[PDB]
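Asker: Take this structure, written in structure tokens, and hold onto it; I'll ask about it next.
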Amino acid sequence: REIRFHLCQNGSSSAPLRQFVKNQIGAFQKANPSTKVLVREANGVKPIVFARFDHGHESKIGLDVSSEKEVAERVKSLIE
Amino acid sequence: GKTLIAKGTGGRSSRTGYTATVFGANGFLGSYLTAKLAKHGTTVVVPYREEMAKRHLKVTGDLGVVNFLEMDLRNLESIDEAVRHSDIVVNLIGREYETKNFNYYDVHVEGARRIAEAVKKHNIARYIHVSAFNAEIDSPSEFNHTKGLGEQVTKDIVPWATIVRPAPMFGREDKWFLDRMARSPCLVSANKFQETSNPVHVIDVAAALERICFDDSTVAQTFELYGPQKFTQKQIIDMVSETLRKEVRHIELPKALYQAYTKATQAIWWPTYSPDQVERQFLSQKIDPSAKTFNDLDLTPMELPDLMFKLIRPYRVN
Amino acid sequence: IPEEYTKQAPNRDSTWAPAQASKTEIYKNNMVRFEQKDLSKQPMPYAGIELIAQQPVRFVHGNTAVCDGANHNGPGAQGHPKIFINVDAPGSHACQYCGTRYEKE
Amino acid sequence: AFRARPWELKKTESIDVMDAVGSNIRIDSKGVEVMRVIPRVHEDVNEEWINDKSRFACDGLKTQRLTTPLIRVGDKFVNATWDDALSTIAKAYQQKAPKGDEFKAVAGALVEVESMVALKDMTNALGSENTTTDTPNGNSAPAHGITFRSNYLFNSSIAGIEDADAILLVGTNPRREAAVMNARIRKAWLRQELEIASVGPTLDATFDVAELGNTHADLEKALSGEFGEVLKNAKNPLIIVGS
Amino acid sequence: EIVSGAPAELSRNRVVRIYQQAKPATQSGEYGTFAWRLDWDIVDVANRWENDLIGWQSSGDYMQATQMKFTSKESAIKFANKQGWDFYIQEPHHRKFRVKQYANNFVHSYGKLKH
Amino acid sequence: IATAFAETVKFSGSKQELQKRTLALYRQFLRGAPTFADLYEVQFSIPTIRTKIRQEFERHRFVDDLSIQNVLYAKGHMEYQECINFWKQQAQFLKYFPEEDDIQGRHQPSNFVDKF
Ligand SMILES: NC(=O)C1=CN([C@@H]2O[C@H](COP(=O)(O)OP(=O)(O)OC[C@H]3O[C@@H](n4cnc5c(N)ncnc54)[C@H](OP(=O)(O)O)[C@@H]3O)[C@@H](O)[C@H]2O)C=CC1
Ligand SMILES: [Zn+2]
């Protein structure tokens, strides 16, 4: 498996993902050392978190708004 | 010989590189196959024998896709030269009558043996030899006897022998299938005045020969090109006389009395109705149980009558 | 692509190729349609590579060599335009319009 | 030299290869052959110049290209039909069945992103992931994660190189790689006052480096010794590392 | 939108390019700066093959060599959506101001010297 | 100071009136089909003509603007004008009729695999 979530750098609609990703990557790789994380975007996009299971199978959800703590809940839902 | 994706492209001069050589081809069947062959960018060596008759095969393609060589089946060196550079070669050959210089033998047996010997000496991939319907080794039409001998010789040497046996053909300017219907001053023959068999349209013959001449995995198979449905008799004359003139006028003469016209036929300037045709009027399609057809090469040849509506319609009354 | 040949012609009066990428093989040159033909269709270029070796080197004791190529019978200017070339180092004897070689002596 | 003359030429916008900078080229084409290249103008990235290797891909293009699929019988290497080679590949895959953690694809040197997307997606669709690069035993992470894109690439602006106070280069010879980056280095070095040092390979580059060893211990010594003063004291410094 | 007088199926199939023509680097002179160009791509199988008889380059693109010359990029793109095919625009690139004292021929204490 | 089959050019305003006008055009363009088969001696039948005419008008069922439908009406009535007599010839006339399949051989089955 490997996960991938890419972030706008506008202040609106990304500050949940911003202050998530400034904290929780050490939670992710020390939670999933085999699963490979990548975060790769700056410019104006929509906040979507995108997992892929280990046999060619995509999965996604948008990550609209929760100041924190449901961002990780929707991430854990994407693991499930 | 190795190639790229498939046959059917979408534009002329998107040329293939396949270098074909078609024997005969001045007359009837060899029009439409080189018309299908130069349409899609293939180099054609078409040899000939008469200079004034070879001209109307040039406009099928533009440049380098039609070429003229001065073959003659007597000359070894001419056919030797003719397929030095070729990649595939078909021979539609053989008059439906002897000349004043040719037997029925050695117009598709040793005439076939010379060119197939040139094929073996040149290692030409994909040799295709047409041969007649009902090509037996029995006597009664020595035409058919000779075509059976020709198929035997083309299988003696050269296992690269895709033999194709078309039925009686059906197209514009049909030599002895519809010219004896269209002009037809008094079509009079067939002692058995019915009891013929399968017609096949000519552009379907050409499409069959085109779809065989390029694909592989068909070496040494023999084909017979069946009529689509009807295998019908001389009752199609009635459908020919469905056009309003009904001038067909079959007078069903006795057999040995009919020979004299054919024995007249050798003396004439132009060919008429030589007696192996008269003997084939007693035959039918001895249809091979095991020979691959249009359904094998993925075609459906067109039916008789609705195509005959187009094919004979200069010849109406009003 | 197969085995056939007709040994009746080299490249030109010069034996090998005239320049980069000017071949003289006939099979790649589509030997399909050279047949029934004389080979006396025109191989007439004498390959001017050979014709500078025909030409003798001209000497000028100055430093700048004028080249025209124009005749001394024509009423109009017909040679290549007036290029002034240098004869300074030996070797650079090459009027780039004619190939006449100009050496300083 | 004399191959063409510029009105025959479908002058065509394109992007450079053979350098990571993605230089600003424009291809002169005669229609099948490629005649030459011209560096187009692109003011941020390498405004007027080309890497000199990139100027002569034309003689590297039309010389020995693969025009057809080739298969080996074995030390006997014949060309063949496209569909034949495809069915041979699929049949060999069915023969070996490399199901799990196998079929090592590897990122080549000079490809496109879209082919690499097809590569990664086809490998992950086939069942595993093993895609590395050309590097001599880089069958391992590049020791900076694919997370946080800014960590990865040359994340300072190429124009801001001539806005840098003093930089130092480690593990690279920027004359040998990205020569137009070297051109902007020299442009800054003649414009402004820059303290430049190489650490690692012994290089002759035309902007007066001060080489400080060929060893990692020399690197850490030079960092803690005097560039810990310089880079902290300087205003917007840069620190450039080789691949 | 249906095309009124465009008999091809260009409008669904090809990618066209709106671009400012680049400033040539060989000559100085800037007349190509003041246009806008429409160009159909060669992303094709047709894509100018090689002839075998004489050896020209017979193409298969019926609209290989064609250039509009427009005035404004938005007028260009309003035409491009009006006749209606898939485009891609490409932004030009200027040359940036740099102050050029011709007197740049003076130094303090410094190693390197020039012409 | 003349016509040939009364070609008129005057585009109305309302889309209902243009609807009725194209409808009557469709009637004449459909009625002339045995006259077409007489005039050009095609192989196919008169119902082939009729289903292809219906195909051609269903090509532009969902065109919005009446100010596009005007010149579509002009093109339709004008090609009716050039078909109702012998201006067009049968070589010119078969450019509407992709009739036969056997010209193509085996070809693209609209799969990606057989683009290669
Ligand atoms: N009833 C039928 O006709 C049927 C035809 N076939 C087969 O189809 C093949 C082609 O049919 P078709 O198109 O009508 O053939 P053609 O009527 O077109 O004649 C074949 C061409 O080859 C020439 N040719 C080749 N070798 C010789 C030779 N030794 N002597 C004289 N002429 C020669 C012929 O005359 P020239 O030299 O002047 O060019 C002629 O131009 C036939 O050979 C036949 O075996 C099979 C089923 C029915
Ligand atoms: Zn000169």
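Scheme for the structure tokens: letters A, B, ... for chains in order shown; per-chain residue numbers from 1; ligand numbers from 1 in order shown.
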Just asking: which residues within chain C are alpha helix (DSSP H) according to DSSP, as an NGL selection string?

Answerer: :C and (49-54)

Asker: Tell me, as a PyMOL selection string, which residues lie within 10 Å of residue B:1, counting only C-alpha atoms; anything in the same chain fewer than 3 positions away does not count.

Answerer: (chain B and resi 18+87-88+124-126+216) or (chain C and resi 1) or (chain D and resi 80-81)

Asker: Could you work out which residues of chain B fall inside 7 Å of chain D? Count only C-alpha atoms, and format the result as a VMD selection string.

Answerer: chain B and resid 2 to 4

Asker: Selected residues, N, CA, C and O atoms, written as a CSV table (one decimal), in the first residue's frame, please.

Answerer:
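again_6.csv, written as the output of this step:
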```csv
chain,number,residue,atom,x,y,z
B,2,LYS,N,8.4,-10.3,-42.9
B,2,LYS,CA,7.8,-9.8,-41.7
B,2,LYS,C,7.3,-8.4,-41.9
B,2,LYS,O,8.0,-7.6,-42.6
B,3,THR,N,6.3,-8.0,-41.2
B,3,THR,CA,5.5,-6.8,-41.5
B,3,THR,C,5.1,-6.1,-40.2
B,3,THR,O,5.7,-6.3,-39.2
B,4,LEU,N,4.2,-5.1,-40.4
B,4,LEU,CA,3.6,-4.3,-39.3
B,4,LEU,C,2.1,-4.6,-39.3
B,4,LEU,O,1.6,-5.5,-40.0
```

Asker: Using only C-alpha atoms and all ligand atoms, which residues have at least one atom no more than 8 Å from ligand 2? Output them as a PDB file with C-alpha atoms, in the first residue's frame.

Answerer:
```
ATOM      1  CA  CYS C  67      38.363  34.230 -57.946  1.00  0.00           C
ATOM      2  CA  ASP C  68      35.806  34.662 -60.722  1.00  0.00           C
ATOM      3  CA  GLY C  69      35.520  31.508 -62.801  1.00  0.00           C
ATOM      4  CA  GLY C  79      31.401  33.072 -63.289  1.00  0.00           C
ATOM      5  CA  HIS C  80      30.806  32.880 -59.585  1.00  0.00           C
ATOM      6  CA  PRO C  81      30.907  36.252 -57.763  1.00  0.00           C
ATOM      7  CA  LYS C  82      34.157  37.879 -56.707  1.00  0.00           C
ATOM      8  CA  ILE C  83      35.271  36.061 -53.600  1.00  0.00           C
ATOM      9  CA  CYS C  95      37.770  28.921 -53.448  1.00  0.00           C
ATOM     10  CA  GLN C  96      34.449  27.776 -51.997  1.00  0.00           C
ATOM     11  CA  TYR C  97      32.681  28.414 -55.303  1.00  0.00           C
ATOM     12  CA  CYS C  98      35.032  26.601 -57.662  1.00  0.00           C
ATOM     13  CA  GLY C  99      37.503  24.497 -55.721  1.00  0.00           C
ATOM     14  CA  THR C 100      40.431  25.975 -57.614  1.00  0.00           C
TER      15      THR C 100
END
```

Asker: Near stretch 157-172 of chain B, within 8 Å and counting only C-alpha atoms, which residues show up once chain neighbours fewer than 3 positions away are dropped, as a PDB file with N, CA, C and O atoms, in the first residue's frame?

Answerer:
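The resulting file, part-v4.pdb, is shown below:
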```
ATOM      1  N   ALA B 116       6.564 -21.920 -60.484  1.00  0.00           N
ATOM      2  CA  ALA B 116       6.769 -22.403 -59.128  1.00  0.00           C
ATOM      3  C   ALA B 116       8.209 -22.823 -58.909  1.00  0.00           C
ATOM      4  O   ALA B 116       8.724 -22.717 -57.792  1.00  0.00           O
ATOM      5  N   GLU B 117       8.875 -23.281 -59.967  1.00  0.00           N
ATOM      6  CA  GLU B 117      10.297 -23.559 -59.886  1.00  0.00           C
ATOM      7  C   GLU B 117      11.081 -22.275 -59.683  1.00  0.00           C
ATOM      8  O   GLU B 117      12.059 -22.249 -58.930  1.00  0.00           O
ATOM      9  N   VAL B 119       9.802 -19.749 -58.108  1.00  0.00           N
ATOM     10  CA  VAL B 119       9.478 -19.423 -56.720  1.00  0.00           C
ATOM     11  C   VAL B 119      10.414 -20.153 -55.767  1.00  0.00           C
ATOM     12  O   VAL B 119      10.980 -19.553 -54.844  1.00  0.00           O
ATOM     13  N   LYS B 120      10.608 -21.451 -55.996  1.00  0.00           N
ATOM     14  CA  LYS B 120      11.497 -22.228 -55.143  1.00  0.00           C
ATOM     15  C   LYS B 120      12.943 -21.786 -55.300  1.00  0.00           C
ATOM     16  O   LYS B 120      13.695 -21.767 -54.320  1.00  0.00           O
ATOM     17  N   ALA B 125       8.222 -16.130 -50.290  1.00  0.00           N
ATOM     18  CA  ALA B 125       7.167 -16.462 -49.354  1.00  0.00           C
ATOM     19  C   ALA B 125       5.812 -16.183 -49.983  1.00  0.00           C
ATOM     20  O   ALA B 125       5.685 -15.343 -50.876  1.00  0.00           O
ATOM     21  N   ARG B 126       4.811 -16.932 -49.519  1.00  0.00           N
ATOM     22  CA  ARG B 126       3.400 -16.739 -49.845  1.00  0.00           C
ATOM     23  C   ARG B 126       3.126 -16.858 -51.344  1.00  0.00           C
ATOM     24  O   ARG B 126       2.729 -15.905 -52.010  1.00  0.00           O
ATOM     25  N   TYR B 127       3.359 -18.047 -51.870  1.00  0.00           N
ATOM     26  CA  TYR B 127       2.916 -18.354 -53.219  1.00  0.00           C
ATOM     27  C   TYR B 127       1.457 -18.772 -53.186  1.00  0.00           C
ATOM     28  O   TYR B 127       1.097 -19.734 -52.502  1.00  0.00           O
ATOM     29  N   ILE B 128       0.619 -18.077 -53.938  1.00  0.00           N
ATOM     30  CA  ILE B 128      -0.795 -18.404 -54.020  1.00  0.00           C
ATOM     31  C   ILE B 128      -1.130 -18.748 -55.456  1.00  0.00           C
ATOM     32  O   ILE B 128      -0.845 -17.970 -56.368  1.00  0.00           O
ATOM     33  N   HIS B 129      -1.734 -19.910 -55.656  1.00  0.00           N
ATOM     34  CA  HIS B 129      -2.115 -20.369 -56.979  1.00  0.00           C
ATOM     35  C   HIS B 129      -3.617 -20.553 -57.039  1.00  0.00           C
ATOM     36  O   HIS B 129      -4.172 -21.367 -56.297  1.00  0.00           O
ATOM     37  N   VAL B 130      -4.278 -19.808 -57.914  1.00  0.00           N
ATOM     38  CA  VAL B 130      -5.690 -20.070 -58.105  1.00  0.00           C
ATOM     39  C   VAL B 130      -5.838 -21.328 -58.945  1.00  0.00           C
ATOM     40  O   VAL B 130      -4.940 -21.726 -59.688  1.00  0.00           O
ATOM     41  N   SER B 131      -6.973 -21.982 -58.788  1.00  0.00           N
ATOM     42  CA  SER B 131      -7.298 -23.114 -59.630  1.00  0.00           C
ATOM     43  C   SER B 131      -8.805 -23.195 -59.713  1.00  0.00           C
ATOM     44  O   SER B 131      -9.520 -22.549 -58.950  1.00  0.00           O
ATOM     45  N   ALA B 132      -9.281 -23.996 -60.651  1.00  0.00           N
ATOM     46  CA  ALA B 132     -10.694 -23.965 -60.948  1.00  0.00           C
ATOM     47  C   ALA B 132     -11.496 -24.663 -59.866  1.00  0.00           C
ATOM     48  O   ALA B 132     -10.981 -25.459 -59.077  1.00  0.00           O
ATOM     49  N   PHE B 133     -12.775 -24.320 -59.826  1.00  0.00           N
ATOM     50  CA  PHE B 133     -13.762 -25.143 -59.157  1.00  0.00           C
ATOM     51  C   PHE B 133     -13.783 -26.519 -59.798  1.00  0.00           C
ATOM     52  O   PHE B 133     -13.466 -26.669 -60.983  1.00  0.00           O
ATOM     53  N   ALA B 135     -12.008 -29.131 -59.433  1.00  0.00           N
ATOM     54  CA  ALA B 135     -10.694 -29.475 -59.970  1.00  0.00           C
ATOM     55  C   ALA B 135     -10.379 -30.912 -59.598  1.00  0.00           C
ATOM     56  O   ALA B 135      -9.703 -31.193 -58.610  1.00  0.00           O
ATOM     57  N   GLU B 151      -2.671 -28.361 -59.530  1.00  0.00           N
ATOM     58  CA  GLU B 151      -2.623 -28.362 -58.071  1.00  0.00           C
ATOM     59  C   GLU B 151      -1.677 -29.434 -57.555  1.00  0.00           C
ATOM     60  O   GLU B 151      -0.958 -29.214 -56.569  1.00  0.00           O
ATOM     61  N   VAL B 153       1.032 -30.435 -59.123  1.00  0.00           N
ATOM     62  CA  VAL B 153       2.401 -29.987 -59.357  1.00  0.00           C
ATOM     63  C   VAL B 153       2.785 -28.884 -58.378  1.00  0.00           C
ATOM     64  O   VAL B 153       3.897 -28.879 -57.832  1.00  0.00           O
ATOM     65  N   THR B 154       1.857 -27.971 -58.085  1.00  0.00           N
ATOM     66  CA  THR B 154       2.136 -26.935 -57.098  1.00  0.00           C
ATOM     67  C   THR B 154       2.238 -27.481 -55.683  1.00  0.00           C
ATOM     68  O   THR B 154       2.757 -26.788 -54.806  1.00  0.00           O
ATOM     69  N   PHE B 177     -20.128 -15.868 -67.892  1.00  0.00           N
ATOM     70  CA  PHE B 177     -21.160 -16.127 -66.900  1.00  0.00           C
ATOM     71  C   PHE B 177     -22.333 -15.184 -67.120  1.00  0.00           C
ATOM     72  O   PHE B 177     -23.487 -15.553 -66.893  1.00  0.00           O
ATOM     73  N   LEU B 178     -22.032 -13.957 -67.544  1.00  0.00           N
ATOM     74  CA  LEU B 178     -23.032 -12.942 -67.858  1.00  0.00           C
ATOM     75  C   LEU B 178     -22.881 -12.296 -69.220  1.00  0.00           C
ATOM     76  O   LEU B 178     -23.829 -11.646 -69.665  1.00  0.00           O
ATOM     77  N   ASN B 198     -22.857 -23.035 -57.588  1.00  0.00           N
ATOM     78  CA  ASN B 198     -22.436 -21.821 -56.880  1.00  0.00           C
ATOM     79  C   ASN B 198     -21.906 -20.668 -57.722  1.00  0.00           C
ATOM     80  O   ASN B 198     -20.888 -20.809 -58.411  1.00  0.00           O
ATOM     81  N   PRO B 199     -22.565 -19.522 -57.688  1.00  0.00           N
ATOM     82  CA  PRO B 199     -21.940 -18.293 -58.186  1.00  0.00           C
ATOM     83  C   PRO B 199     -21.296 -17.498 -57.065  1.00  0.00           C
ATOM     84  O   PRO B 199     -21.788 -17.505 -55.936  1.00  0.00           O
ATOM     85  N   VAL B 200     -20.191 -16.814 -57.350  1.00  0.00           N
ATOM     86  CA  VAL B 200     -19.553 -15.926 -56.383  1.00  0.00           C
ATOM     87  C   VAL B 200     -19.281 -14.599 -57.067  1.00  0.00           C
ATOM     88  O   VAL B 200     -18.800 -14.564 -58.203  1.00  0.00           O
ATOM     89  N   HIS B 201     -19.593 -13.508 -56.379  1.00  0.00           N
ATOM     90  CA  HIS B 201     -19.278 -12.198 -56.908  1.00  0.00           C
ATOM     91  C   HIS B 201     -17.775 -11.932 -56.927  1.00  0.00           C
ATOM     92  O   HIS B 201     -17.029 -12.371 -56.049  1.00  0.00           O
ATOM     93  N   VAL B 202     -17.350 -11.168 -57.939  1.00  0.00           N
ATOM     94  CA  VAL B 202     -15.939 -10.996 -58.253  1.00  0.00           C
ATOM     95  C   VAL B 202     -15.231 -10.132 -57.223  1.00  0.00           C
ATOM     96  O   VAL B 202     -14.091 -10.425 -56.845  1.00  0.00           O
ATOM     97  N   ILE B 203     -15.882  -9.073 -56.730  1.00  0.00           N
ATOM     98  CA  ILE B 203     -15.198  -8.251 -55.736  1.00  0.00           C
ATOM     99  C   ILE B 203     -15.099  -9.010 -54.423  1.00  0.00           C
ATOM    100  O   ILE B 203     -14.170  -8.778 -53.647  1.00  0.00           O
ATOM    101  N   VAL B 205     -14.435 -12.292 -54.520  1.00  0.00           N
ATOM    102  CA  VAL B 205     -13.258 -13.101 -54.831  1.00  0.00           C
ATOM    103  C   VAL B 205     -11.994 -12.296 -54.590  1.00  0.00           C
ATOM    104  O   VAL B 205     -11.022 -12.788 -54.004  1.00  0.00           O
ATOM    105  N   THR B 218      -1.556 -19.353 -42.755  1.00  0.00           N
ATOM    106  CA  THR B 218      -2.432 -19.960 -43.746  1.00  0.00           C
ATOM    107  C   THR B 218      -1.628 -20.619 -44.856  1.00  0.00           C
ATOM    108  O   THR B 218      -2.164 -20.862 -45.941  1.00  0.00           O
ATOM    109  N   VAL B 219      -0.344 -20.878 -44.606  1.00  0.00           N
ATOM    110  CA  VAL B 219       0.506 -21.551 -45.575  1.00  0.00           C
ATOM    111  C   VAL B 219       0.027 -22.985 -45.745  1.00  0.00           C
ATOM    112  O   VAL B 219      -0.404 -23.629 -44.779  1.00  0.00           O
ATOM    113  N   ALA B 220       0.012 -23.450 -46.997  1.00  0.00           N
ATOM    114  CA  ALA B 220      -0.318 -24.803 -47.443  1.00  0.00           C
ATOM    115  C   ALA B 220      -1.768 -25.199 -47.205  1.00  0.00           C
ATOM    116  O   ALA B 220      -2.131 -26.346 -47.480  1.00  0.00           O
ATOM    117  N   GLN B 221      -2.614 -24.301 -46.718  1.00  0.00           N
ATOM    118  CA  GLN B 221      -4.032 -24.600 -46.739  1.00  0.00           C
ATOM    119  C   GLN B 221      -4.600 -24.309 -48.112  1.00  0.00           C
ATOM    120  O   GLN B 221      -4.137 -23.418 -48.828  1.00  0.00           O
ATOM    121  N   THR B 222      -5.611 -25.080 -48.481  1.00  0.00           N
ATOM    122  CA  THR B 222      -6.313 -24.887 -49.733  1.00  0.00           C
ATOM    123  C   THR B 222      -7.698 -24.333 -49.460  1.00  0.00           C
ATOM    124  O   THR B 222      -8.389 -24.788 -48.545  1.00  0.00           O
ATOM    125  N   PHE B 223      -8.102 -23.348 -50.249  1.00  0.00           N
ATOM    126  CA  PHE B 223      -9.408 -22.741 -50.070  1.00  0.00           C
ATOM    127  C   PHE B 223     -10.315 -23.090 -51.236  1.00  0.00           C
ATOM    128  O   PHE B 223      -9.865 -23.271 -52.369  1.00  0.00           O
ATOM    129  N   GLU B 224     -11.605 -23.165 -50.947  1.00  0.00           N
ATOM    130  CA  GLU B 224     -12.617 -23.168 -51.985  1.00  0.00           C
ATOM    131  C   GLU B 224     -13.601 -22.059 -51.664  1.00  0.00           C
ATOM    132  O   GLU B 224     -14.070 -21.953 -50.529  1.00  0.00           O
ATOM    133  N   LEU B 225     -13.901 -21.231 -52.653  1.00  0.00           N
ATOM    134  CA  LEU B 225     -14.741 -20.061 -52.441  1.00  0.00           C
ATOM    135  C   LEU B 225     -16.155 -20.426 -52.859  1.00  0.00           C
ATOM    136  O   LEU B 225     -16.518 -20.356 -54.031  1.00  0.00           O
ATOM    137  N   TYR B 226     -16.953 -20.818 -51.875  1.00  0.00           N
ATOM    138  CA  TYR B 226     -18.308 -21.268 -52.130  1.00  0.00           C
ATOM    139  C   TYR B 226     -19.184 -20.081 -52.478  1.00  0.00           C
ATOM    140  O   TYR B 226     -18.917 -18.944 -52.083  1.00  0.00           O
ATOM    141  N   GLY B 227     -20.262 -20.364 -53.196  1.00  0.00           N
ATOM    142  CA  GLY B 227     -21.342 -19.422 -53.321  1.00  0.00           C
ATOM    143  C   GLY B 227     -21.956 -19.184 -51.961  1.00  0.00           C
ATOM    144  O   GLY B 227     -21.910 -20.053 -51.084  1.00  0.00           O
ATOM    145  N   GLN B 285     -20.678 -28.384 -59.003  1.00  0.00           N
ATOM    146  CA  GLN B 285     -19.649 -28.086 -58.017  1.00  0.00           C
ATOM    147  C   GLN B 285     -19.444 -29.328 -57.174  1.00  0.00           C
ATOM    148  O   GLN B 285     -20.218 -29.599 -56.254  1.00  0.00           O
ATOM    149  N   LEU B 311     -25.706  -5.086 -61.445  1.00  0.00           N
ATOM    150  CA  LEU B 311     -24.639  -5.530 -62.324  1.00  0.00           C
ATOM    151  C   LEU B 311     -25.100  -5.625 -63.768  1.00  0.00           C
ATOM    152  O   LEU B 311     -24.371  -5.230 -64.682  1.00  0.00           O
TER     153      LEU B 311
END
```

Asker: Could you list, as a list in words, every residue within 8 Å of stretch 52-63 of chain A, counting only C-alpha atoms and ignoring same-chain residues fewer than 3 positions away?

Answerer: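 The filter keeps residues 1, 2, 3, 17, 46, 47, 48, 49, 71, 74 and 78 of chain A; 121, 124, 125, 126, 127 and 128 of chain D.
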
Asker: Report, in Å with one decimal, the straight-line distance from atom CA of residue C:48 to atom CA of residue C:10.

Answerer: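 Going from atom CA of residue C:48 over to atom CA of residue C:10 covers 15.6 Å.
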
Asker: Please, which residues in chain B fall within 7 Å of ligand 1 when counting only C-alpha atoms and all ligand atoms, and what is the closest atom pair and distance in Å to one decimal for each, ordered by chain then residue number, as CSV?

Answerer:
```
residue,atom,partner,partner_atom_place_in_ligand_line,distance
B:23,CA,ligand 1,22 (O),6.6
B:24,CA,ligand 1,22 (O),3.3
B:25,CA,ligand 1,21 (C),5.6
B:26,CA,ligand 1,41 (O),4.8
B:27,CA,ligand 1,18 (O),3.2
B:28,CA,ligand 1,13 (O),3.5
B:29,CA,ligand 1,13 (O),3.4
B:30,CA,ligand 1,13 (O),5.5
B:48,CA,ligand 1,39 (O),5.5
B:49,CA,ligand 1,37 (O),4.7
B:50,CA,ligand 1,38 (O),5.7
B:73,CA,ligand 1,29 (N),5.7
B:92,CA,ligand 1,9 (C),4.7
B:93,CA,ligand 1,43 (O),4.1
B:94,CA,ligand 1,43 (O),4.0
B:95,CA,ligand 1,19 (O),5.4
B:96,CA,ligand 1,3 (O),6.1
B:102,CA,ligand 1,29 (N),6.6
B:107,CA,ligand 1,29 (N),4.5
B:111,CA,ligand 1,29 (N),6.7
B:130,CA,ligand 1,45 (O),6.3
B:131,CA,ligand 1,45 (O),4.8
B:132,CA,ligand 1,46 (C),4.0
B:133,CA,ligand 1,47 (C),5.4
B:165,CA,ligand 1,46 (C),6.5
B:166,CA,ligand 1,47 (C),5.0
B:167,CA,ligand 1,47 (C),4.8
B:168,CA,ligand 1,48 (C),4.0
B:169,CA,ligand 1,48 (C),5.5
B:175,CA,ligand 1,14 (O),6.0
B:176,CA,ligand 1,1 (N),6.3
```

Asker: For the residues in the current selection, export C-alpha atoms as a PDB file, in the first residue's frame.

Answerer:
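This went into out.pdb:
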```pdb
ATOM      1  CA  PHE B  23       0.404 -13.074 -63.222  1.00  0.00           C
ATOM      2  CA  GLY B  24      -2.163 -12.596 -65.938  1.00  0.00           C
ATOM      3  CA  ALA B  25      -4.125  -9.655 -64.532  1.00  0.00           C
ATOM      4  CA  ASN B  26      -4.806  -7.964 -67.863  1.00  0.00           C
ATOM      5  CA  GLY B  27      -8.190  -9.584 -68.073  1.00  0.00           C
ATOM      6  CA  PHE B  28     -10.975 -10.368 -65.769  1.00  0.00           C
ATOM      7  CA  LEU B  29     -10.160 -11.300 -62.190  1.00  0.00           C
ATOM      8  CA  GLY B  30      -6.788  -9.616 -62.061  1.00  0.00           C
ATOM      9  CA  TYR B  48       1.715  -8.811 -69.465  1.00  0.00           C
ATOM     10  CA  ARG B  49       1.716 -10.104 -72.997  1.00  0.00           C
ATOM     11  CA  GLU B  50      -0.250  -7.500 -74.973  1.00  0.00           C
ATOM     12  CA  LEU B  73       5.541 -18.691 -70.170  1.00  0.00           C
ATOM     13  CA  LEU B  92      -4.262 -16.257 -61.886  1.00  0.00           C
ATOM     14  CA  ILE B  93      -3.567 -17.830 -65.264  1.00  0.00           C
ATOM     15  CA  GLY B  94      -5.139 -20.054 -67.855  1.00  0.00           C
ATOM     16  CA  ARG B  95      -7.477 -19.443 -70.739  1.00  0.00           C
ATOM     17  CA  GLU B  96     -10.800 -21.273 -70.858  1.00  0.00           C
ATOM     18  CA  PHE B 102      -1.092 -23.758 -76.405  1.00  0.00           C
ATOM     19  CA  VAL B 107      -0.963 -23.326 -69.408  1.00  0.00           C
ATOM     20  CA  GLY B 111       3.301 -23.202 -67.108  1.00  0.00           C
ATOM     21  CA  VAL B 130      -5.690 -20.070 -58.105  1.00  0.00           C
ATOM     22  CA  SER B 131      -7.298 -23.114 -59.630  1.00  0.00           C
ATOM     23  CA  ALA B 132     -10.694 -23.965 -60.948  1.00  0.00           C
ATOM     24  CA  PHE B 133     -13.762 -25.143 -59.157  1.00  0.00           C
ATOM     25  CA  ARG B 165     -10.563 -22.726 -55.828  1.00  0.00           C
ATOM     26  CA  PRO B 166     -13.142 -20.045 -56.645  1.00  0.00           C
ATOM     27  CA  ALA B 167     -16.584 -20.890 -57.957  1.00  0.00           C
ATOM     28  CA  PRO B 168     -18.001 -19.555 -61.235  1.00  0.00           C
ATOM     29  CA  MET B 169     -17.553 -15.819 -60.863  1.00  0.00           C
ATOM     30  CA  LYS B 175     -16.326 -13.913 -69.305  1.00  0.00           C
ATOM     31  CA  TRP B 176     -18.910 -16.664 -69.844  1.00  0.00           C
TER      32      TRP B 176
END
```

Asker: Could you write out as a PyMOL selection string the residues of chain E within 9 Å of chain F, counting only C-alpha atoms?

Answerer: chain E and resi 1-2+4

Asker: Take the residues from that selection and put them in a file with C-alpha atoms, as a PDB file, in the first residue's frame.

Answerer:
```pdb
ATOM      1  CA  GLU E   1     -22.166  23.902 -30.772  1.00  0.00           C
ATOM      2  CA  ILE E   2     -22.084  22.246 -34.165  1.00  0.00           C
ATOM      3  CA  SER E   4     -21.206  24.992 -39.707  1.00  0.00           C
TER       4      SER E   4
END
```
